[PDB]
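Novice:
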Amino acid sequence: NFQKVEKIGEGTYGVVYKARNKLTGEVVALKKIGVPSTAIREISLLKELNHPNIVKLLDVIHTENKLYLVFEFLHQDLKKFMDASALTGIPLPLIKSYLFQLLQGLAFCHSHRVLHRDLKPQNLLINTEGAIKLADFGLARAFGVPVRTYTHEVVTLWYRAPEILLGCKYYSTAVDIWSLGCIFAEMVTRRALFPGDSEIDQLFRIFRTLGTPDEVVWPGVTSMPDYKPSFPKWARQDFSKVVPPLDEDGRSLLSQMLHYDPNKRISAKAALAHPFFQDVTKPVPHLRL
Ligand SMILES: CC(C)c1cnn2c(NCc3ccccc3)cc(N[C@@H](CO)[C@H](O)CO)nc12
Numbered sequence: 003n004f005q006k007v008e009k010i011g012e013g014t015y016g017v018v019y020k021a022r023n024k025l026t027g028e029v030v031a032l033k034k035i043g044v045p046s047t048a049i050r051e052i053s054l055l056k057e058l059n060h061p062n063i064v065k066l067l068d069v070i071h072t073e074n075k076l077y078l079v080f081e082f083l084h085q086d087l088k089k090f091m092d093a094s095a096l097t098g099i100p101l102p103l104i105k106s107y108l109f110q111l112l113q114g115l116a117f118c119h120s121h122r123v124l125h126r127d128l129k130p131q132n133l134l135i136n137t138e139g140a141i142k143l144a145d146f147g148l149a150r151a152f153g154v155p156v157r158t159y160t161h162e163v164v165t166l167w168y169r170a171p172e173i174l175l176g177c178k179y180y181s182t183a184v185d186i187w188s189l190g191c192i193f194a195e196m197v198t199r200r201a202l203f204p205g206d207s208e209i210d211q212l213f214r215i216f217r218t219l220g221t222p223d224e225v226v227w228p229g230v231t232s233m234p235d236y237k238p239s240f241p242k243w244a245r246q247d248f249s250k251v252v253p254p255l256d257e258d259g260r261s262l263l264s265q266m267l268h269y270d271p272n273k274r275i276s277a278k279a280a281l282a283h284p285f286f287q288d289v290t291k292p293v294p295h296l297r298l
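Reading the sequence shown from the start, the letters are residues 3 to 35, 43 to 298 in UniProt numbering.
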C-alpha cells in the first residue's frame, strides 16, 4: 500500500521509513517491527490517545507475521536539531516553548495512566510550525525496553530515572518527568547531563551530580533491589554549576524534575503551573529541510 521514499532511521523496535500511500498520495512514517496478541491489544488502544504533542498513530497493521505502525511524519528530530544548533545553542524562548509543549503531552498521557518510559531526543520530533511531539508513547509497555535495538545498537541509558536503574519493578509517571528534566538540561547546556555508558556508570554519574541518595532524601531507597551499601557517598553539587546560565526559575523547575524521590518529583500538571512558564510563548525554529 506504500512506497518507501527514504530510510528515516533504526528505532528501538525496527526500521522506520518515510513512505507515500501508493493510492492517496499521503506521506507518512511507517515503522516495521507473529507478535503476541498482548502487544497487539496494547498498541491498538494507543490509536485513541490523541493529543497535539503526541505524534499521531494513524493505523496499526498486523500482517505476514510482521507489525507496521503508520504514523504522521515530521520533518526533523530534536537530536538533529540540537546538533545543528551546537555552535550557538537553542534560544531560550524556544527551549521554554518545547519544554512547555512536552509537559502538556506528558500531562495528557499521564492523565490516561499511560507512560512513555523511554523519552530521549531521538523520539522528540519537531515541525515547521514550532511544535514538538512525543514519539513511541506506549510502545515500551507493549514490548518492554531491551538492552540493544533490533540492529544491536545500544539502547541509551542517559535519560533513565534512578528508580529504574535501582531495579524498581513498578515505576510511575515520574520516570518521564526525570527523562524530560535531563533533556531540558541538555538543550540549555548543549551537552548530555548524565551520559552513562553502563548501568553503574549512569547511576554514578547521577550520584556525582545530585549526591549519593540515602534514606534522608529518598525513604525506602536503601531497600531497592539493586541498591548497595557499598555505593560511594558523593556530595550534591549546586544547579548553578550544572546548567548555567539557566535562570533561577528554570533551575528551580529542573531541580523539581530531578527529585530522587518519585513521590516528591514534580508532576507534568504541576510543572505547567511553574513560574518558569510565566512568559512562555511559541517561537518558530529555523529548519533547513
Ligand atoms: C515513526 C514516527 C514516530 C516518525 C515520524 N517522523 N519521524 C521522524 N522524523 C524526523 C526525520 C528524521 C530523518 C529523516 C526524515 C525525518 C523520525 C523518526 N525517528 C525514529 C527512528 O530514528 C525514532 O524511532 C522515533 O520514532 N520517527 C518518526
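Backbone N, C-alpha and C define an ideal beta-carbon position, used for all residues, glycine too.
Which residue or residues does DSSP assign as beta-bridge partners of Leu76?
Specialist: Locating residue 76 in the sequence shown gives position 67, counting from the first residue. Beta-bridge pairing links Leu76 to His71.
Novice: According to DSSP, simplified to helix, strand and coil, what is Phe82?
Specialist: On the sequence shown, position 73 is the one that residue 82 refers to. The answer is coil: DSSP assigns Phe82 none of H, G, I, E or B.
Novice: Can you tell me whether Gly259 is helix, strand or coil according to DSSP?
Specialist: Here the question's residue 259 lines up with position 250 in the sequence shown. DSSP places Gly259 in helix when its eight states are reduced to three.
Novice: Any heavy atom of ligand 1 within a distance shorter than 7 Å of the CB on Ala277?
Specialist: For the purposes of this step, residue 277 is taken as residue 268 along the sequence shown, with counting starting at 1. Every heavy atom of ligand 1 is 7 Å or more from the Cβ of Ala277, so no.
Novice: What do you reckon, is the C-beta of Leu25 under 7 Å from a heavy atom of ligand 1?
Specialist: Taking the sequence shown and counting its residues from 1, one reaches residue 25 at position 23. No, Cβ of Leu25 sits at least 7 Å from all heavy atoms of ligand 1.
Novice: Examine ligand 1 and report whether any of its heavy atoms sits within less than 7 Å of the Cβ of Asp68.
Specialist: Position 59 of the sequence shown, counted from the first residue, corresponds to residue 68. Answer for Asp68: no, Cβ out of range of ligand 1.
Novice: Give a yes or no on contact between the stretch 195-206 and the stretch 155-174, applying the rule of three or more CB pairs nearer than 8 Å.
Specialist: yes
Novice: Do you know how far the Cα of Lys34 is from the Cα of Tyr15?
Specialist: Your numbering for residue 15 matches position 13 in the sequence shown. Your numbering for residue 34 matches position 32 in the sequence shown. Each residue's Cα considered, the two are about 8 Å apart.
Novice: Quick one, what's near ligand 1 if you take every residue whose CB is closer than 6 Å to any heavy atom, in chain order?
Specialist: The set, ordered by position in the chain, is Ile10, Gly11, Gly13, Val18, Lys20, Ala31, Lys33, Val64, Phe80, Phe82, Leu83, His84, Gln85, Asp86, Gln131, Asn132, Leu134, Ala144 and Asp145.
Novice: How would you call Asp68, buried or exposed, if buried means at least 16 neighbouring beta carbons within 10 angstroms?
Specialist: If you number the sequence shown from 1, residue 68 lands on position 59. Classification of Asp68: exposed, given that the 10 Å Cβ count is below 16.
Novice: Please classify residue 37 as buried or exposed, where buried requires at least 16 other C-beta atoms within 10 Å of its C-beta.
Specialist: This structure gives no coordinates for residue 37. The numbering of the chain moves from 35 immediately to 43.
Novice: Taking the straight line between their C-alpha atoms, what separation do you get for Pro284 and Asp258?
Specialist: Here residue 284 is taken as the residue at index 275 of the sequence shown, counted from 1. Here residue 258 is taken as the residue at index 249 of the sequence shown, counted from 1. Going from the Cα of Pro284 to the Cα of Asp258 covers about 6 Å.
Novice: Please identify the residue among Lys291, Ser249 and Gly114 whose C-alpha is closest to the C-alpha of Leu189.
Specialist: On the sequence shown, residue 189 is found 180 positions in, with the first residue counted as 1. Nearest of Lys291, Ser249 and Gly114 to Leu189, Cα basis: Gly114.
Novice: Measure the C-alpha to C-alpha separation of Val29 and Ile209 and round it to an integer number of angstroms.
Specialist: What you label residue 29 is simply residue 27 of the sequence shown in a count that begins at 1. What you label residue 209 is simply residue 200 of the sequence shown in a count that begins at 1. Cα-Cα distance, rounded: 42 Å.
Novice: Kindly indicate the opening and closing residues of the beta strand (DSSP E) around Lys242.
Specialist: One-based indexing of the sequence shown puts residue 242 at position 233. Unbroken run through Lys242: none, as it is neither H nor E.
Novice: Does the beta-carbon of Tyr77 have 16 or more other beta-carbons within 10 angstroms, so that it is buried, or is it exposed?
Specialist: Start at 1 with the first residue of the sequence shown, and residue 77 comes out as number 68. Per the 10 Å Cβ criterion, buried.
Novice: Rounded to whole angstroms, what's the CA-CA distance from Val18 to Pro171? Just pull it up for me.
Specialist: The residue you call residue 18 lines up with position 16 of the sequence shown. The residue you call residue 171 lines up with position 162 of the sequence shown. Distance between the alpha carbons of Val18 and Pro171 is about 30 Å.
Novice: Report the three-state DSSP secondary structure of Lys88 (helix, strand or coil).
Specialist: For the purposes of this step, residue 88 is taken as residue 79 along the sequence shown, with counting starting at 1. Residue state, collapsed to three classes: helix.
Novice: On the DSSP letters alone, give me the boundaries of the alpha helix (DSSP H) that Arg50 sits inside.
Specialist: The sequence position of residue 50 within the sequence shown is 41, counting from 1. Looking at the DSSP string, the run of the alpha helix (DSSP H) that includes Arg50 is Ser46 to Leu54.
Novice: Quick one: complete beta strand (DSSP E) runs, 3+ long, within the stretch 136-177?
Specialist: 141-143
Novice: Relative to the C-alpha of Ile10, which candidate in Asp86, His71 and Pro234 has its C-alpha closest?
Specialist: To locate residue 10, count along the sequence shown from 1; it is residue 8. When each option's Cα is compared against that of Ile10, the closest is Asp86.
Novice: Given this structure, state the Cα-to-Cα distance separating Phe146 from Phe117, to the nearest angstrom.
Specialist: Your numbering for residue 146 matches position 137 in the sequence shown. Your numbering for residue 117 matches position 108 in the sequence shown. Using only the alpha carbons, I get a separation of about 11 Å.
Novice: Would you give the residue range spanned by the beta strand (DSSP E) that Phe285 belongs to?
Specialist: On the sequence shown, residue 285 is found 276 positions in, with the first residue counted as 1. Note, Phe285: premise wrong, no beta strand (DSSP E); not H, not E.
Novice: Classify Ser207: buried if its beta carbon has 16 or more other beta carbons within 10 angstroms, exposed otherwise.
Specialist: Sequence index remark: in the sequence shown, residue 207 carries index 198 (1-based). Burial call: exposed.
Novice: With DSSP as the reference, please indicate the residues paired to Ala21 in a beta bridge.
Specialist: By 1-based counting over the sequence shown, the position of residue 21 is 19. Answer by DSSP bridge pairing, in chain order: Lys6 and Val30.
Novice: Pick helix, strand or coil for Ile215, following the three-state DSSP scheme.
Specialist: On the sequence shown, position 206 is the one that residue 215 refers to. Looking at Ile215 - three-state DSSP - the assignment turns out to be helix.
Novice: Using the rule of at least 16 other Cβ atoms within 10 Å of the residue's Cβ for burial, across every protein chain shown, is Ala244 buried or exposed?
Specialist: By 1-based counting over the sequence shown, the position of residue 244 is 235. So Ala244 ends up on the exposed side.
Novice: Just tell me which of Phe4, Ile63, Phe213 and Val197 has its CA closest to the CA of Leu25.
Specialist: If you number the sequence shown from 1, residue 25 lands on position 23. Answer by Cα proximity: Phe4.
Novice: Take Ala279 as the anchor and find which of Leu263, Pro292 and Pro294 has the nearest alpha-carbon.
Specialist: Taking the sequence shown and counting its residues from 1, the one referred to as residue 279 is at position 270. Selected option, being the one with the closest Cα: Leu263.
Novice: Short check: CB of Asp185 to CB of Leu96, under 8 Å?
Specialist: Residue mapping note: residue 185 aligns to position 176 of the sequence shown, counting from 1. Residue mapping note: residue 96 aligns to position 87 of the sequence shown, counting from 1. Contact: no.
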